[PDB]
Amino acid sequence: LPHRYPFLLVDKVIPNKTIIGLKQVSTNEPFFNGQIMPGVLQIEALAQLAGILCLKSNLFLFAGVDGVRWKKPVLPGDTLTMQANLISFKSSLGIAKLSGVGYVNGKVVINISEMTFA
Amino acid sequence: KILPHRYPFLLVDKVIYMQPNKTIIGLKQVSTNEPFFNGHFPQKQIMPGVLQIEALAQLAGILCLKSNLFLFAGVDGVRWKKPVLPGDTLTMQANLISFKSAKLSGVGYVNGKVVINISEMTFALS
């Protein structure tokens with residue numbers, strides 16, 4: 001699974017339709033260097049999940065993204081629950097469009113209408 | 001010269017122009033020793049498209065600030081055209097779109113060539 005971002009943000013994943021995975025945030029969190037999980041890192045988190053699907057459905061690059069809304073911040077001790085649903089995969093152009101959601105104890109912390117990969 | 005930031009790192013080295021409630025133009029020098037790079041060695045360190053909307057979001061707020069707390073709420077139409085590498089100078093610009101009692105657009109270039117587009121960044125209050 002290709003990521004231009006250094007650390008993988010999916011602790012574990014729990015075809016051609018949908019994926020679910022987890023990520024417990026902690027005090028460790030190698031994502032900075034020396035406290036909350038920035039919204040753009042949540043965008044990165046869902047986007048790595050999506051590709052795990054795409055890869056189980058052949059190189060692919062996160063091309064774009066739209067429809068992102070961060071409802072609540074993600075804090076240390078929070079278990080992020082992520083789901084990405086496949087929308088279309090036209091090999092015609094080679095474009096895939098996923099949709100993503102993030103939960104924190106059953107609540108929505110971040111929505112994503114569409115994530116493009118090519 | 002610092003003001004509030006969501007992310008731990010300021011992704012704007014210098015603002016080179018600004019006209020309140022309208023537009024601004026900052027710039028960032030991609031170092032070989034940046035946090036988001038430290039995480040693997042010699043090969044092809046490429047600045048994450050995601051840390052690009054942050055840099056631009058940080059820049060977009062400094063405009064909201066110069067135009068009350070601004071919380072980066074959401075984002076639409078982000079297209080990553082070109083990869084940003086170390087040594088490149090990312091030239092950013094964001095334009096106020098609305099202040100509904102906030103929204104701005106942002107563009108990032110490298111040597112006059114567009115490397116990333118954001119149709120809209122949404123910032124809430126408090």
# chains A, B, ... in the order shown; residues from 1 in each chain; ligands from 1

call {"tool": "closest_atom_pairs", "arguments": {"of": "chain B", "to": "chain A", "cutoff": "6 Å", "atoms": "only C-alpha atoms", "output": "tab-separated table"}}
result
residue	atom	partner	partner_atom	distance
B:7	CA	A:38	CA	5.5
B:39	CA	A:6	CA	5.0
B:48	CA	A:5	CA	5.5
B:50	CA	A:40	CA	6.0
B:73	CA	A:70	CA	5.5
B:74	CA	A:69	CA	4.1
B:75	CA	A:68	CA	5.1
B:76	CA	A:66	CA	4.2
B:77	CA	A:66	CA	4.7
B:78	CA	A:65	CA	5.3
B:79	CA	A:64	CA	4.5
B:80	CA	A:63	CA	5.7

call {"tool": "residues_around", "arguments": {"residues": "residue 96 of chain B", "least_positions_apart": "2", "cutoff": "12 Å", "atoms": "only C-alpha atoms", "output": "MDAnalysis selection string"}}
result
chainID B and resid 18:24 59:67 93:94 98:100 102:106 119:123

call {"tool": "write_last_selection", "arguments": {"atoms": "N, CA and C atoms", "output": "compact mmCIF listing (two decimals), in the first residue's frame"}}
result
# COMPACT_ATOMS: atom_id res chain seq x y z
N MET B 18 -0.68 41.06 1.15
CA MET B 18 -2.01 40.92 1.75
C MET B 18 -2.88 42.16 1.73
N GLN B 19 -4.12 41.98 1.30
CA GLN B 19 -5.14 43.05 1.28
C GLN B 19 -6.38 42.49 2.01
N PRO B 20 -6.61 42.90 3.28
CA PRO B 20 -7.73 42.47 4.12
C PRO B 20 -9.00 42.08 3.39
N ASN B 21 -9.78 41.22 4.02
CA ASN B 21 -11.03 40.75 3.44
C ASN B 21 -10.92 40.42 1.94
N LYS B 22 -9.73 40.15 1.41
CA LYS B 22 -9.66 39.85 -0.01
C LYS B 22 -8.72 38.73 -0.43
N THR B 23 -7.42 39.02 -0.41
CA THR B 23 -6.44 38.01 -0.80
C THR B 23 -5.10 38.19 -0.08
N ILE B 24 -4.28 37.16 -0.22
CA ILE B 24 -2.96 37.11 0.35
C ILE B 24 -2.06 36.15 -0.42
N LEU B 59 -2.55 29.42 5.74
CA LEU B 59 -2.41 30.69 5.03
C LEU B 59 -3.77 31.35 4.87
N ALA B 60 -4.80 30.56 4.56
CA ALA B 60 -6.16 31.08 4.39
C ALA B 60 -6.71 31.71 5.67
N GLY B 61 -6.37 31.13 6.82
CA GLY B 61 -6.83 31.67 8.09
C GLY B 61 -6.17 33.00 8.44
N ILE B 62 -4.85 33.09 8.22
CA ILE B 62 -4.14 34.32 8.50
C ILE B 62 -4.85 35.47 7.81
N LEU B 63 -5.61 35.13 6.77
CA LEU B 63 -6.37 36.13 6.03
C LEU B 63 -7.65 36.40 6.81
N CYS B 64 -8.27 35.34 7.32
CA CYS B 64 -9.50 35.49 8.10
C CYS B 64 -9.14 36.30 9.35
N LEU B 65 -7.97 36.01 9.90
CA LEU B 65 -7.48 36.68 11.09
C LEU B 65 -7.29 38.18 10.85
N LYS B 66 -6.78 38.53 9.68
CA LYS B 66 -6.56 39.94 9.36
C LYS B 66 -7.79 40.62 8.73
N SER B 67 -8.93 39.93 8.67
CA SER B 67 -10.13 40.50 8.06
C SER B 67 -11.21 40.92 9.07
N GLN B 93 -1.64 31.15 -2.54
CA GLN B 93 -2.50 32.31 -2.60
C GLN B 93 -3.91 31.82 -2.30
N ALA B 94 -4.64 32.59 -1.50
CA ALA B 94 -6.02 32.26 -1.14
C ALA B 94 -6.85 33.54 -1.26
N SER B 98 -16.45 34.38 1.03
CA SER B 98 -17.59 34.80 1.85
C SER B 98 -17.30 34.83 3.36
N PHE B 99 -18.09 35.64 4.07
CA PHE B 99 -17.99 35.82 5.52
C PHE B 99 -19.44 35.78 6.02
N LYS B 100 -20.06 34.60 6.01
CA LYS B 100 -21.46 34.49 6.44
C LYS B 100 -21.74 34.53 7.96
N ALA B 102 -17.02 31.43 7.26
CA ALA B 102 -16.04 31.99 6.32
C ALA B 102 -15.66 30.99 5.24
N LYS B 103 -15.35 31.50 4.04
CA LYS B 103 -14.95 30.66 2.91
C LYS B 103 -13.91 31.32 2.01
N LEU B 104 -12.92 30.52 1.60
CA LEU B 104 -11.83 31.01 0.74
C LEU B 104 -11.35 29.92 -0.21
N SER B 105 -10.71 30.34 -1.30
CA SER B 105 -10.17 29.42 -2.29
C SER B 105 -8.66 29.50 -2.15
N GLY B 106 -7.94 28.49 -2.62
CA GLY B 106 -6.50 28.55 -2.51
C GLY B 106 -5.77 27.85 -3.63
N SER B 119 -10.93 24.51 -4.33
CA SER B 119 -12.08 25.34 -4.69
C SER B 119 -12.65 26.01 -3.46
N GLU B 120 -12.58 25.35 -2.32
CA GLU B 120 -13.12 25.96 -1.12
C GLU B 120 -12.71 25.34 0.21
N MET B 121 -12.32 26.22 1.13
CA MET B 121 -11.93 25.85 2.49
C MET B 121 -12.97 26.52 3.38
N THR B 122 -13.53 25.78 4.33
CA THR B 122 -14.56 26.33 5.20
C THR B 122 -14.01 26.50 6.62
N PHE B 123 -14.15 27.70 7.17
CA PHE B 123 -13.67 27.99 8.52
C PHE B 123 -14.81 28.46 9.41

call {"tool": "select_by_dssp", "arguments": {"residues": "chain B", "states": "strand (DSSP E)", "output": "short mmCIF file (atom, residue, chain, number, x, y, z; two decimals) with N, CA and C atoms, in the first residue's frame"}}
result
data_model
loop_
_atom_site.label_atom_id
_atom_site.label_comp_id
_atom_site.auth_asym_id
_atom_site.auth_seq_id
_atom_site.Cartn_x
_atom_site.Cartn_y
_atom_site.Cartn_z
N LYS B 14 6.73 32.61 4.97
CA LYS B 14 6.63 34.04 4.78
C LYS B 14 5.47 34.49 3.92
N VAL B 15 4.77 35.51 4.41
CA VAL B 15 3.66 36.11 3.69
C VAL B 15 4.27 37.26 2.89
N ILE B 16 4.07 37.28 1.57
CA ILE B 16 4.66 38.34 0.76
C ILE B 16 3.68 39.37 0.20
N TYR B 17 2.43 39.34 0.67
CA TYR B 17 1.41 40.30 0.22
C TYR B 17 0.06 40.00 0.85
N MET B 18 -0.68 41.06 1.15
CA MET B 18 -2.01 40.92 1.75
C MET B 18 -2.88 42.16 1.73
N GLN B 19 -4.12 41.98 1.30
CA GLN B 19 -5.14 43.05 1.28
C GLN B 19 -6.38 42.49 2.01
N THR B 23 -7.42 39.02 -0.41
CA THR B 23 -6.44 38.01 -0.80
C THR B 23 -5.10 38.19 -0.08
N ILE B 24 -4.28 37.16 -0.22
CA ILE B 24 -2.96 37.11 0.35
C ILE B 24 -2.06 36.15 -0.42
N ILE B 25 -0.75 36.37 -0.32
CA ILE B 25 0.21 35.51 -1.03
C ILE B 25 1.44 35.15 -0.13
N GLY B 26 1.48 33.93 0.41
CA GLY B 26 2.63 33.54 1.20
C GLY B 26 3.46 32.53 0.44
N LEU B 27 4.57 32.09 1.03
CA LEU B 27 5.46 31.11 0.39
C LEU B 27 6.16 30.20 1.40
N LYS B 28 6.49 28.98 0.97
CA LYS B 28 7.17 28.04 1.83
C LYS B 28 8.30 27.31 1.14
N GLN B 29 9.45 27.30 1.80
CA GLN B 29 10.64 26.65 1.30
C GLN B 29 10.68 25.21 1.81
N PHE B 70 -11.01 31.06 14.45
CA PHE B 70 -11.29 30.39 13.18
C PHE B 70 -10.83 28.94 13.09
N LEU B 71 -11.83 28.08 13.18
CA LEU B 71 -11.68 26.63 13.16
C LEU B 71 -11.93 26.01 11.75
N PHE B 72 -10.86 25.47 11.16
CA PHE B 72 -10.89 24.84 9.85
C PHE B 72 -11.94 23.72 9.85
N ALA B 73 -13.12 24.04 9.34
CA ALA B 73 -14.27 23.14 9.31
C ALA B 73 -14.34 22.07 8.23
N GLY B 74 -14.14 22.44 6.97
CA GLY B 74 -14.20 21.45 5.91
C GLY B 74 -13.56 21.93 4.62
N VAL B 75 -13.50 21.08 3.61
CA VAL B 75 -12.90 21.47 2.33
C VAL B 75 -13.49 20.79 1.10
N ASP B 76 -13.60 21.56 0.02
CA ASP B 76 -14.12 21.07 -1.26
C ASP B 76 -13.22 21.31 -2.48
N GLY B 77 -13.29 20.39 -3.43
CA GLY B 77 -12.56 20.51 -4.67
C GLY B 77 -11.08 20.75 -4.54
N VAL B 78 -10.39 19.75 -4.04
CA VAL B 78 -8.96 19.86 -3.90
C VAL B 78 -8.40 18.97 -4.98
N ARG B 79 -7.60 19.53 -5.88
CA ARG B 79 -7.00 18.75 -6.95
C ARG B 79 -5.50 18.88 -6.79
N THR B 89 9.91 25.89 -4.18
CA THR B 89 9.33 26.93 -3.38
C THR B 89 7.85 26.91 -3.70
N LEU B 90 7.05 26.51 -2.72
CA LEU B 90 5.61 26.47 -2.91
C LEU B 90 5.08 27.88 -2.74
N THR B 91 4.43 28.39 -3.78
CA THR B 91 3.85 29.73 -3.76
C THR B 91 2.33 29.60 -3.63
N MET B 92 1.81 30.03 -2.49
CA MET B 92 0.40 29.93 -2.21
C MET B 92 -0.35 31.25 -2.26
N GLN B 93 -1.64 31.15 -2.54
CA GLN B 93 -2.50 32.31 -2.60
C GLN B 93 -3.91 31.82 -2.30
N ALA B 94 -4.64 32.59 -1.50
CA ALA B 94 -6.02 32.26 -1.14
C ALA B 94 -6.85 33.54 -1.26
N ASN B 95 -8.11 33.40 -1.64
CA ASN B 95 -8.97 34.55 -1.83
C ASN B 95 -10.24 34.42 -1.04
N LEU B 96 -10.63 35.48 -0.34
CA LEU B 96 -11.86 35.41 0.43
C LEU B 96 -13.03 35.25 -0.53
N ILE B 97 -13.98 34.39 -0.18
CA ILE B 97 -15.15 34.15 -1.02
C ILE B 97 -16.39 34.65 -0.28
N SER B 98 -16.45 34.38 1.03
CA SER B 98 -17.59 34.80 1.85
C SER B 98 -17.30 34.83 3.36
N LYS B 103 -15.35 31.50 4.04
CA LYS B 103 -14.95 30.66 2.91
C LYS B 103 -13.91 31.32 2.01
N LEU B 104 -12.92 30.52 1.60
CA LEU B 104 -11.83 31.01 0.74
C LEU B 104 -11.35 29.92 -0.21
N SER B 105 -10.71 30.34 -1.30
CA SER B 105 -10.17 29.42 -2.29
C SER B 105 -8.66 29.50 -2.15
N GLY B 106 -7.94 28.49 -2.62
CA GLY B 106 -6.50 28.55 -2.51
C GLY B 106 -5.77 27.85 -3.63
N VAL B 107 -4.68 28.47 -4.09
CA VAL B 107 -3.87 27.89 -5.15
C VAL B 107 -2.42 27.82 -4.70
N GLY B 108 -1.73 26.76 -5.12
CA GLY B 108 -0.33 26.60 -4.78
C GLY B 108 0.47 26.34 -6.05
N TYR B 109 1.55 27.10 -6.26
CA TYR B 109 2.38 26.91 -7.45
C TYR B 109 3.85 26.68 -7.09
N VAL B 110 4.58 26.10 -8.05
CA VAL B 110 6.01 25.85 -7.95
C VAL B 110 6.58 26.29 -9.29
N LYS B 113 4.05 27.11 -11.92
CA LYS B 113 3.22 25.99 -12.37
C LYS B 113 2.34 25.51 -11.23
N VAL B 114 1.04 25.39 -11.48
CA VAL B 114 0.09 24.95 -10.45
C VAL B 114 0.36 23.52 -10.01
N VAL B 115 0.41 23.31 -8.70
CA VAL B 115 0.68 21.98 -8.15
C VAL B 115 -0.45 21.53 -7.23
N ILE B 116 -1.46 22.37 -7.05
CA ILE B 116 -2.57 22.04 -6.18
C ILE B 116 -3.65 23.12 -6.16
N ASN B 117 -4.90 22.67 -6.23
CA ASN B 117 -6.09 23.52 -6.25
C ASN B 117 -7.10 23.17 -5.17
N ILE B 118 -7.69 24.19 -4.56
CA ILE B 118 -8.72 23.99 -3.55
C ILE B 118 -9.80 25.01 -3.85
N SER B 119 -10.93 24.51 -4.33
CA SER B 119 -12.08 25.34 -4.69
C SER B 119 -12.65 26.01 -3.46
N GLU B 120 -12.58 25.35 -2.32
CA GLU B 120 -13.12 25.96 -1.12
C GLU B 120 -12.71 25.34 0.21
N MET B 121 -12.32 26.22 1.13
CA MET B 121 -11.93 25.85 2.49
C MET B 121 -12.97 26.52 3.38
N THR B 122 -13.53 25.78 4.33
CA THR B 122 -14.56 26.33 5.20
C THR B 122 -14.01 26.50 6.62
N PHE B 123 -14.15 27.70 7.17
CA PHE B 123 -13.67 27.99 8.52
C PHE B 123 -14.81 28.46 9.41
N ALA B 124 -15.03 27.77 10.54
CA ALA B 124 -16.10 28.14 11.48
C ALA B 124 -15.61 29.05 12.62
N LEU B 125 -16.52 29.47 13.48
CA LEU B 125 -16.15 30.34 14.58
C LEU B 125 -16.15 29.63 15.95
#

call {"tool": "closest_residue", "arguments": {"among": "A:47, A:53, A:96, A:80", "to": "residue 49 of chain B", "atoms": "only C-alpha atoms"}}
result
A:47

call {"tool": "select_by_dssp", "arguments": {"residues": "chain B", "states": "alpha helix (DSSP H)", "output": "ChimeraX atom specification"}}
result
/B:49-65

call {"tool": "write_last_selection", "arguments": {"atoms": "N, CA and C atoms", "output": "compact mmCIF listing (two decimals), in the first residue's frame"}}
result
# COMPACT_ATOMS: atom_id res chain seq x y z
N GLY B 49 0.27 15.57 -0.43
CA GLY B 49 -0.77 16.45 -0.91
C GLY B 49 -1.60 17.01 0.22
N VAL B 50 -1.77 16.21 1.27
CA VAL B 50 -2.55 16.60 2.43
C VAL B 50 -1.93 17.73 3.25
N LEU B 51 -0.61 17.72 3.41
CA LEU B 51 0.06 18.78 4.17
C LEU B 51 0.11 20.05 3.34
N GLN B 52 -0.33 19.93 2.10
CA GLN B 52 -0.40 21.07 1.20
C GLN B 52 -1.72 21.81 1.46
N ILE B 53 -2.81 21.09 1.71
CA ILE B 53 -4.05 21.81 1.98
C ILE B 53 -3.96 22.44 3.38
N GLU B 54 -3.10 21.90 4.25
CA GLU B 54 -2.89 22.45 5.59
C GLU B 54 -2.15 23.79 5.46
N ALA B 55 -1.00 23.76 4.80
CA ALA B 55 -0.19 24.96 4.58
C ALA B 55 -1.08 26.07 4.04
N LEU B 56 -1.92 25.70 3.08
CA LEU B 56 -2.84 26.61 2.44
C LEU B 56 -3.99 26.99 3.35
N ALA B 57 -4.33 26.10 4.28
CA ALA B 57 -5.41 26.37 5.22
C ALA B 57 -4.89 27.30 6.29
N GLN B 58 -3.61 27.14 6.62
CA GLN B 58 -3.00 27.98 7.62
C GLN B 58 -2.91 29.36 7.02
N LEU B 59 -2.55 29.42 5.74
CA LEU B 59 -2.41 30.69 5.03
C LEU B 59 -3.77 31.35 4.87
N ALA B 60 -4.80 30.56 4.56
CA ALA B 60 -6.16 31.08 4.39
C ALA B 60 -6.71 31.71 5.67
N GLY B 61 -6.37 31.13 6.82
CA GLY B 61 -6.83 31.67 8.09
C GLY B 61 -6.17 33.00 8.44
N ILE B 62 -4.85 33.09 8.22
CA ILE B 62 -4.14 34.32 8.50
C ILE B 62 -4.85 35.47 7.81
N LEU B 63 -5.61 35.13 6.77
CA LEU B 63 -6.37 36.13 6.03
C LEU B 63 -7.65 36.40 6.81
N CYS B 64 -8.27 35.34 7.32
CA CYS B 64 -9.50 35.49 8.10
C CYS B 64 -9.14 36.30 9.35
N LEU B 65 -7.97 36.01 9.90
CA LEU B 65 -7.48 36.68 11.09
C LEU B 65 -7.29 38.18 10.85

call {"tool": "residues_around", "arguments": {"residues": "residue 55 of chain A", "least_positions_apart": "6", "cutoff": "10 Å", "atoms": "only C-alpha atoms", "output": "number ranges by chain"}}
result
A: 1-2, 15-16, 49

call {"tool": "write_last_selection", "arguments": {"atoms": "N, CA, C and O atoms", "output": "PDB file, in the first residue's frame"}}
result
ATOM      1  N   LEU A   1       0.851  -1.225   0.000  1.00  0.00           N
ATOM      2  CA  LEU A   1       0.000   0.000   0.000  1.00  0.00           C
ATOM      3  C   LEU A   1       0.876   1.261   0.000  1.00  0.00           C
ATOM      4  O   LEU A   1       1.547   1.570   0.990  1.00  0.00           O
ATOM      5  N   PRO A   2       0.891   1.992  -1.128  1.00  0.00           N
ATOM      6  CA  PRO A   2       1.651   3.229  -1.356  1.00  0.00           C
ATOM      7  C   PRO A   2       1.132   4.477  -0.639  1.00  0.00           C
ATOM      8  O   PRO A   2      -0.028   4.860  -0.792  1.00  0.00           O
ATOM      9  N   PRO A  15     -14.955  -6.918  -1.045  1.00  0.00           N
ATOM     10  CA  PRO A  15     -14.301  -6.364  -2.228  1.00  0.00           C
ATOM     11  C   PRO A  15     -15.229  -5.544  -3.083  1.00  0.00           C
ATOM     12  O   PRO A  15     -16.440  -5.591  -2.917  1.00  0.00           O
ATOM     13  N   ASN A  16     -14.628  -4.799  -4.002  1.00  0.00           N
ATOM     14  CA  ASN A  16     -15.328  -3.888  -4.913  1.00  0.00           C
ATOM     15  C   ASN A  16     -16.579  -3.244  -4.308  1.00  0.00           C
ATOM     16  O   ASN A  16     -17.485  -2.848  -5.041  1.00  0.00           O
ATOM     17  N   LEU A  49      -7.190   3.876   3.562  1.00  0.00           N
ATOM     18  CA  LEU A  49      -8.131   2.769   3.732  1.00  0.00           C
ATOM     19  C   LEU A  49      -8.726   2.464   2.366  1.00  0.00           C
ATOM     20  O   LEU A  49      -8.721   1.319   1.906  1.00  0.00           O
TER      21      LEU A  49
END

call {"tool": "atom_distance", "arguments": {"atom1": "atom CA of residue 43 of chain B", "atom2": "atom CA of residue 31 of chain B"}}
result
15.0 Å

call {"tool": "residues_around", "arguments": {"residues": "residue 10 of chain A", "least_positions_apart": "3", "cutoff": "10 Å", "atoms": "only C-alpha atoms", "output": "list in words"}}
result
residues 7, 13, 20, 21, 22, 23, 24, 44, 45, 46, 48, 49, 80, 81 and 82 of chain A

call {"tool": "write_last_selection", "arguments": {"atoms": "C-alpha atoms", "output": "compact mmCIF listing (two decimals), in the first residue's frame"}}
result
# COMPACT_ATOMS: atom_id res chain seq x y z
CA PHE A 7 3.17 6.71 8.67
CA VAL A 13 -8.78 -3.48 8.64
CA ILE A 20 -13.71 -0.83 7.45
CA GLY A 21 -10.68 -0.35 9.65
CA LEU A 22 -9.54 1.10 12.95
CA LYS A 23 -7.04 3.47 14.44
CA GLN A 24 -6.69 4.15 18.11
CA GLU A 44 -5.07 10.92 4.95
CA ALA A 45 -6.40 8.08 7.14
CA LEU A 46 -9.55 7.46 5.15
CA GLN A 48 -5.19 4.99 2.83
CA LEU A 49 -8.13 2.77 3.73
CA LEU A 80 -11.19 6.21 15.06
CA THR A 81 -13.53 3.96 13.08
CA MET A 82 -13.28 4.30 9.34

call {"tool": "atom_distance", "arguments": {"atom1": "atom CA of residue 83 of chain B", "atom2": "atom CA of residue 117 of chain A"}}
result
14.8 Å

call {"tool": "atom_distance", "arguments": {"atom1": "atom CA of residue 51 of chain A", "atom2": "atom CA of residue 5 of chain B"}}
result
29.2 Å
